[PDB]
Structures are given as structure tokens and as C-alpha cells.
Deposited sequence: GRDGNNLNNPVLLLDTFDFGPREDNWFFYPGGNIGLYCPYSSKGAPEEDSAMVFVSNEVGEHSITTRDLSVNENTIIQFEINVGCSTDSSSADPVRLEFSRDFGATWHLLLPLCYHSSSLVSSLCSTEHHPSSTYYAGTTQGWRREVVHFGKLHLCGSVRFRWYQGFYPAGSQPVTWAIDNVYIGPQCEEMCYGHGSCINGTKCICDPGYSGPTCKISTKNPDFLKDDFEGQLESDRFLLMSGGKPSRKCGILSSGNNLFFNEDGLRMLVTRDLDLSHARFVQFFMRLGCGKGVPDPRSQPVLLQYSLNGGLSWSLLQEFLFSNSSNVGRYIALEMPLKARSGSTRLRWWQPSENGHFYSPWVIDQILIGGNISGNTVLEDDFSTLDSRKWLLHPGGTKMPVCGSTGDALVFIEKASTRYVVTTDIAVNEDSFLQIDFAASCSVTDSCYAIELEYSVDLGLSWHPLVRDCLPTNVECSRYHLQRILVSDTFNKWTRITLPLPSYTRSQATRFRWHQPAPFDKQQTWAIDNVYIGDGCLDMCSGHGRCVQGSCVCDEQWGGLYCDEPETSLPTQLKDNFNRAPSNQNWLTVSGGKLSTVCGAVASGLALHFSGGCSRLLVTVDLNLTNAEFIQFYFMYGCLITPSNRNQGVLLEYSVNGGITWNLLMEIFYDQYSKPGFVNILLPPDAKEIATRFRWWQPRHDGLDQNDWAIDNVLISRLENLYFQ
């Protein structure tokens, strides 16, 4: 043991050669977790004239020597490069001095350097790095420091009228390291004893209480939390924004720029993701701008490994979504991450912003994500700009609702494993008759942690006239709460697929929407037959439906359907009528009124489910172009049937676009697989040129024998 001083008496006389400007006292004690009696420290107050520093006697050091101490510079978060404290050593009895730990980033080959692979700041302690005291430890193993050396904490020389930042040090230990360096979770005493930090225990502070397996900061909440151990140089701001609403964390000061997380349980973590903007101006960022380094530590910050360097470039000055998979080596019960932008002097050439930090996920193979939105769990719903947990449109409890004024509206799920048995099933609503606007909400998937998003359902006509997104969540058909069930296509299969509901900008405030009763997974069977919802691996049937998978009607289905369309379409015959209304515009199609589809949005007609086991035919009268004739083949109405409650459809007839300029009669013999105990029909027009364009009419439907 070479040197120990707690300053709790006064200073130990033999320890120190000099301490100009230093006086025993208290500095910034009220955050400190240490005992009150221990708060006595060596303080260097701003107004002291002359040198501000403290120098040790000459000591004999070796590769196993550490310097360990606690420091507070400035008792604030007002970050500054002015008058930092430098920890230095001298090999010539104080004639010359050098930083004990150099700044290590990318070293020149023209010079002698001790830096190796690990990127780290120097033993320089800047004002406004943190309000709290902190422990620093420097190990000599890498420093080629052996023999007689003296050390100093040095700030500067200050004439009268100077006002450098006040600082203080405490609990200085210089001597042999402790075993395992106390795993970076304790203070070493004499190399023989570890004094463990809270939540760490045992001889070497190896054993940890469980750490959280998830971190979120959107910077809309508190800036003092258990989430970050350091937030040096970052302030909440709306400047240099990335997202359309809310604060970001903004680095626009000098000194240290370093954001350090608490220790996390990342043993099953999949990802770190965040938004970042490197540079805030219209031109190209200054080429001297130093990169933001993302690093991790397994040992309480004793050593750091690189995840990614993010360089300033001609394109970096636009907000960007960033996501990385958590590598195996970073996955432990106790891993912290940091974002650090190096600088040799505490000066920076550009600001930067970070926002919406999420760390977590789960690599253990989970195949199910479900929610009724009784709560909004951040671990399941990663991003939801514009979205609020609240009731709307007579929802079952709360829903996730996009109603407030916003420039961005989307919601992203966490990742799940998707396989051949996977399906997506949600309730969705648009504006609930608040607006009559025609709009759609995109449903998308990513297999790369949100780096790219692709439409879940592709434009693919069963006629193969058009094939390559298909608008599904549309505001007329889904005006009020409506269920959709989609088998997940092969291209979505992976061990980590996530989903996004996206309202592309620009959109109007009144074009609102919501989701509820979400199930994405491979449970239940038959996707509940179109007549129920999967809840915790069990089908919950709609009213009037029963059986294990909701395939059994409580009351016998009709065996025929007939409609002359001389009265308003009835829910006894029709489940859906969008874009169609009874009129005489077509003349007689069969007779009197016809159901005329000329709406500017969806044009869709769906029957109730029918028992067609013994039925023989479907027939109807049909006309195109009562107003404007269809201009191409993809505008042909498709007649399809479903035997699974509208989940999947089978083409029966393409009602060819350039036919039926005069009313015609269609008579089709039902195929075997359309003759089931529960089957529905739909007429839908995949494309049209809008209101009163490429219109069609139907009359005298008969599905019978």
C-alpha cells in the first residue's frame, strides 16, 4: 500500500508533497451515497489565488498498481471544457508531467503511443460532466509505468480575479489492485478488500442482483433516472430534431460528451435501436467532427468494446433510424452501453442529437405477441408516435388510438419468431364517421430490426393481371371496429420479424385510426375459422358461433340467398356494402332499382355465410359503365368465395371489364369446394379511377338450386 487518504481527519501529512489551493471541507455532499462522516474531502474553491493542484510524494509503482479516487468537478450539469482536472504523473521528481491515461482513439503512426484497441477518454475530468461524485480507477498494466513515480491532480494557475470551476477529490488509493478489480463494482482497499457497490456482494463484488432486461428513453420524461449513469453534455431539446414531436437529447456543449446506461441484463437481448442526427446545419458537417462511438462494458466500465463508430458525413446531418443486433459477447447479466464522442481538448466541431433509445428484445424464440391495450407495455410496442392508450368508437376497454394533432403516426411492434403457422389478427377502426375522407393505413413488416419496412400484403390479383402493396385497412370498410385476419406470408418468416402500422405523411388530422385486440402468433388452429379471436392459445368465438375453433354456427345458416335490390340491402343477406347504393341511373339492369357501385373509395359487396352443401348455382344481372365505362382489365370486378369466414378467398369469376355495356345475365354452377356448410361470396373492384368512374351495377342475385 503506497497511499491512502480519506481526508476524514485532515490530510495525512506524509502522503502529499503539495496542495496549493486545497483546503479540507465538504463539496457537493447531498447526492453522495457515502456516509456523512466520510464527506470530508480536499476542496479546491474557485477563488483561491495561484496554483490549484495536489501532488503525491514519490511512490514505487508496478504493473499491478492502481490509482483509485472519487472526484467532483463543478457540482452541476453545466458542461464546459474550461479548467478541467488532469491526473498526471512525473518520472523526474516533478520537472515534467504527462497525463496518466492518454486519450485513445485513432493514433498517428508518426508518434510513440501507448493506445491499443480500446477507445477511451483521457484522465481528464471536465466541469459539468455529472452533478454527483464518481469513482475513477486507472490500472497501470497497459501504461509501461514501473519504478519511482509521483502523481498529481492538476487544474491550473489562477491570478486574482480568476474564477475557475471548483472541484474536490476524496478517498484516494494508490497501491496493488484488488482481485478481479472488484469486477468494477466496488472500491479496492489495499488490494486485499473490496467494498462493494449497492446490489453487488461477495469478496470481489461478483454476484449481482437481477438487472433490468430492457431500457427505454424517449427523453420526454425525467433526465435523472436509474436508466443512465452518465449523461454528460446532453440536454433535452427540440432543436436539431429528428422526430416531429417531443424532445431529443442534444449535445451542443464543450467538455465531455458521453451517455452511459446503467448495467442491464442483456443475456437474451436482441437489439439496441435509436434515432441519431450527426450535424444540424444545411451544408456539409465540418470534416474535423469526431465520430460518435457506441461501446459496451461487461465489467462496470473497467474496459469497453466497440459496437459501432458513427461518422459525420455529407448525409449524417439528417435524422436517421439506427438499429444493431446485440452481439453474443455483449450478452451478459451485467452489460452497460455508452455513446461517446471523443475530443482531445473538450472542443467539438459539430453538435448531434440522439432520440428514442430502446435496448432489449428477446432471442428465446417467442412466437406470440398479443394485447388488449389495458396497458401499453414499452417492451411490446417499441414506437408509437401520434398514438395514445384510450377508448375510441365504442372500443372494448382502451385501444391504441391516433387522434391527436400529429405529423407522424405509426406504431412498431417488438420482434417475434414467425413460422408457417403464424397469422396476424387485429381489430382496426378509422374515424368512426368523424370524416368521410377516403384513406388507408399501411401494414408493413421488417426482418431487419426496422432498417427496412415492406408492405405485408402485396398487390396480387388472383387473375394475375396486376402483380408485383394492396390497401387493406381502408376508412370506409373499416370506418368502425372491424376485425382482419391474415395468414402471414412466407417472406415474413424469420426468427425476428416485427410489424408496423404506418399512416404515410402527408395526412390530415381528422384522418384518425386505432388498433385493439391484437394477436400475432401461431396459436389456436384454423385462425379461429373467421368467427373468433385467438386469446392466449384459445379461440374466443363471436356471438352466434361456437366449437373449439369457432366453426359451429349456433343457428342454422341460410341455404339460399335472393335479393332483387328493391329495398335497402339487409344484414340478413349482406355483411358488407361499400361504395354501392340503390339507384335507377343504370336503367333496368333486371328491374327497378339496382345496387350501383360508383363510390370514390372501396367498392365491395360481401354476403353472409350460407350453407351451400346442396345449392347448385349463383346468378345475377350485371352492368358496367352506367356512368363511365371501365378503361382497363384490372378494373374488372372479381367474384370470389370464402369457406373460412372471409380469411382467404377463391376466384370464381372475373367479370370482364369491357363486357356488360348492356345489362347481361350471369349464371355459374357452384364448384365442389364452394359447396360447404359455411360459405360467403364477394364482388369487389380492385381498381377504379374514382368517384363515378368505371362504375358497375348488380341486380337480382340468386344463390340457390
Note to self, deposited ranges with zero CA coordinates are 1-10, 479-481, 719-725
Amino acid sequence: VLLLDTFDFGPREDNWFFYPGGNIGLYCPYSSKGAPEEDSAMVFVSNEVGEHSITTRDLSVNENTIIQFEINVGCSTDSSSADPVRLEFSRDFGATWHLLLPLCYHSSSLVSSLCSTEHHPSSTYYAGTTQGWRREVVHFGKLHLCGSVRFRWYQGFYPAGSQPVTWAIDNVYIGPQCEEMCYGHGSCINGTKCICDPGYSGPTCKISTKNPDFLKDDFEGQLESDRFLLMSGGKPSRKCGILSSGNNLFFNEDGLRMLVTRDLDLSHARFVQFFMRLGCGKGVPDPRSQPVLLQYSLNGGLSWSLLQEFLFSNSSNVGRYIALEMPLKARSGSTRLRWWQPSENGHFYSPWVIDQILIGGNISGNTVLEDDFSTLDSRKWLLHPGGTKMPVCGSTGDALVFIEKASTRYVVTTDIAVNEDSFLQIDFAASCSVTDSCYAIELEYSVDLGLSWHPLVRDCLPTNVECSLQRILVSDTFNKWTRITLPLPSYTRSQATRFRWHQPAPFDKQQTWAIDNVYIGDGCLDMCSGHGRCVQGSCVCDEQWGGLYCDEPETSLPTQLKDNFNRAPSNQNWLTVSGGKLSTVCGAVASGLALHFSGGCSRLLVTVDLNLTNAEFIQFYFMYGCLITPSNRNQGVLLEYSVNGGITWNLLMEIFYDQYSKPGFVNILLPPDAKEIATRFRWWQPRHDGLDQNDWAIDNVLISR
From here on, numbers count along this sequence of modelled residues.
Please compare 374-382 with 552-560 and say which has the higher mean C-alpha temperature factor in the record. 552-560
Highest mean C-alpha temperature factor of the two stretches 200-208 and 489-497, which is it? 200-208
Comparing C-alpha B-factors across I195, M276, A330, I359 in this entry, the winner is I195
Among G387, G397, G191, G233 - the residue whose C-alpha B-factor is largest in the record: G191
Can you work out whether the C-alpha temperature factor of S31 puts it in the lowest, middle or highest third of the chain? highest
Would you mind checking where the Cα B-factor of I54 ranks among the modelled residues of its chain, as the lowest, middle or highest third? lowest
Split the chain's modelled residues into thirds by Cα B-factor; is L294 in the lowest, middle or highest one? lowest
Looking at the entry's B-factor column for C-alpha atoms only, identify whether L243 ranks in the lowest, middle or highest third of its chain. highest
Comparing against every modelled residue in the chain, figure out the third that the C-alpha B-factor of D263 lands in (lowest, middle or highest). lowest
